[PDB]
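Each remark here refers to the structure printed beneath this line.
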Amino acid sequence: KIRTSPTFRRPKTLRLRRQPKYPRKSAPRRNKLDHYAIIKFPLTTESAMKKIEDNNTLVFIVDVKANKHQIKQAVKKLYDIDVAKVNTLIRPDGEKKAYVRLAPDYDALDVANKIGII
Amino acid sequence: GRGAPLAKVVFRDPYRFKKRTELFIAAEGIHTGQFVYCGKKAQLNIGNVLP
Amino acid sequence: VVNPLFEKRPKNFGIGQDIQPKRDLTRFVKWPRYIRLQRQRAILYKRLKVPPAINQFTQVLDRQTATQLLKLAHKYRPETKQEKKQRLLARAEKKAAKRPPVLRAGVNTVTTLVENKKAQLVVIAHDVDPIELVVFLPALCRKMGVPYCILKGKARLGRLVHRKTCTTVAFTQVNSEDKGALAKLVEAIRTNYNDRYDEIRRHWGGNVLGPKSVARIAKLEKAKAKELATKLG
Amino acid sequence: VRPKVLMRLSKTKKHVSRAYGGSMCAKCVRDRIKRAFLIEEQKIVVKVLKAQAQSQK
RNA sequence: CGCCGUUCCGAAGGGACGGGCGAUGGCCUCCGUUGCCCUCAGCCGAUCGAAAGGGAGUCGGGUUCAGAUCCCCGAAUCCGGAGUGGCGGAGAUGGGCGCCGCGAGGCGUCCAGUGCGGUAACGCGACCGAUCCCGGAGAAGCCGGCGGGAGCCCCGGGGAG
RNA sequence: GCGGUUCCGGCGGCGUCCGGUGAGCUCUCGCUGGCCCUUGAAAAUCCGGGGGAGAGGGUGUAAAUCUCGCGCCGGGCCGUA
RNA sequence: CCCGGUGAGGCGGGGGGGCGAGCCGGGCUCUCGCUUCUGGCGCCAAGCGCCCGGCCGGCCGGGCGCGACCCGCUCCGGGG
Ligand SMILES: [Mg+2]
Ligand SMILES: [Mg+2]
Ligand SMILES: [Mg+2]
Ligand SMILES: [Mg+2]
Ligand SMILES: [Mg+2]
């Protein structure tokens, strides 16, 4: 009715949400970073053996794109174990190494036997 | 870079609940806590702004 | 009975004093460029000198005439797309088992009719833009002796023909029961337009200063007249 | 303390139990109370004289 | 190809306490979420720009061939979240009148209660509150003198080698 | 000083004590001064205050609310020789 | 067409009101628009008038107007 401000601003108009006639992609893209992709293979060096026996820690080579949360969930589902924490580094050769510590109720040495590490 | 000092003067906004800070050239003899007056009907005193 | 706690608390809106109220600033708003443009174009058409050929379109029928003219024209509207289908289907049934009068619309159709003297009354919108589309029509109708009128709104002529807009429409024939109504309009319309054509085409428009300027001129002159009156006292 | 440490301190540690407390000094709170009171009295004094002068006029 | 320009020739807000109309659900009691309308709304310039500037919060011990304030042991701490965010404590729990009782107190009504201490500086464990507004911190050079605390050095003794 | 597989955070005894001093050196905290026709960043971010629109319960099974004490969950990404 | 200012916030004209002047109480010459003591405070309307809704004249709650004069064609100035 009246303008108590000297400024004209663009009035807010309705903005509809998209309702595509067709989907631009026929099917959703498959997940290329599933659990089998995230865990490549276990490390079996002298350091990795020390980690298993003394720190309750498995040592894995993992996809460089995987994060700690993804590593943790893959390890749990692949081997049905429980994970206390995960430490990661990227090696000078470009691979990502995961230091997965098991919960105190799991024995890494026992788990390593199931996986075939030892 | 400027020889003259500058005075920081605070006015009330006549249309909004605010304080307006201006930056004047400091006329010689003005002091902090002094009242200055600007407008057609301000009195002829050092530091006032008049037409 | 009044509660003694209530009281008046007036605000003093002098310079200084209390913050000013929220009054209407409409006059002082900074409008979008497109709003400033169309308003400044309205002012220019007042401020400049408008030639008679363009200024003639500011003279328009009064609402009373424009209502009678539009009620008569409502009886001869072109058939809509829908009801042309029914007429065609009815002819199909009739074939298995005359053109009535209608409005003629479009500046190209009306122009040919005026030149052929086949039009009886020409209605021209006052706000066609570009104006060159019809700027010549009032003078053409006068030359051919076709009564013409100027109506407010190309949208109103648009509604007659079931379209958004129409620059002009024309009566070519009417039913016998409406011949008197057309004659009454033509006589009134002819006096306002065709018989004043000499003064319409010599009558410039615009050339009016802004109110502040006019007021300034009025104040300046009034000083002299008062002094001139006080010259003799 | 550093400004982002104030977020984890209780309110009591960041102010004083007094009007403007924690933001204005005590000395200048006493002055503003007198100044506000004393100035508002002068408005009544000046208003009364104006009313009286108008009454005589 | 592009260039100038960075607030300057711009309808530059996609937000919100609250209110009213509906729609959906759930620990369906009533609350969320959600759509519209009303109301309110300066920031005034996208963005980038510092591994020495600003910027919350981690320390001691042990451990390897090579890593550690990152691993292990121990002891902490910041930020964010949870209203199915749980338990304490605070708000909080008082007084008048009328009955009963020797009293301790118990009942019925009527009123109060968004904490308290100090003359003060200010203190106490919290100690409601939005738009809006004011202010503080971040946030301030170089040089001199002097003083306090540390580490180191020095001096006099006890041990142990 | 004792043991072991003897490549065990192995196990034991004792000790880890009492004073002085300084324009000393280094760091730091603070007070006070001098110099400038030199006056020596900004922002993210955090806080307090002013106001009082509101909300909370009717004396209890108390409410709104709480920057108080506990308790519950999490902290991804890249660098690191 | 150009320049300056501003969050384009009260511009022009008229009305209304106040102090003065002066002609024989009224009309006008003509001016003014409510802040100057103090290193306070100042928004998000009080009041009034008129309508309306819900519940049981009484409660609870809304809308409009005045307050905050009206009409206007360039935001206001400076150039041109
Ligand atoms: Mg950046
Ligand atoms: Mg940095
Ligand atoms: Mg840690
Ligand atoms: Mg308060
Ligand atoms: Mg290193």
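What you see of chain A is 39-156, where the numbers are those given in Swiss-Prot.
Just so you know, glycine gets a Cβ as well, placed from its N, Cα and C.
Annotation source Swiss-Prot lists citrulline at A:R41. Its Cβ taken as reference, A:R41 (citrulline) is surrounded by 15 other Cβ atoms within 10 Å in the chains shown.
The phosphoserine annotation in Swiss-Prot covers A:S43, and the record cites similarity to another entry as its basis. Classification of A:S43 (phosphoserine) by DSSP places it in coil, neither helical nor stranded. The Cβ of A:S43 (phosphoserine) has no same-chain neighbour under 8 Å that is 6 or more residues away in sequence.
The phosphothreonine annotation in Swiss-Prot covers A:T45 and rests on similarity to another entry. In sequence order, no residues are near A:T45 (phosphothreonine), counting only same-chain partners six or more apart with C-beta under 8 A.
Residues or ranges marked as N6-acetyllysine by Swiss-Prot: A:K70. A sphere of 10 angstroms centred on the C-beta of A:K70 (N6-acetyllysine) encloses 8 other C-beta atoms.
A straight line from the CA of A:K70 (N6-acetyllysine) to the CA of A:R41 (citrulline) spans 58 Å.
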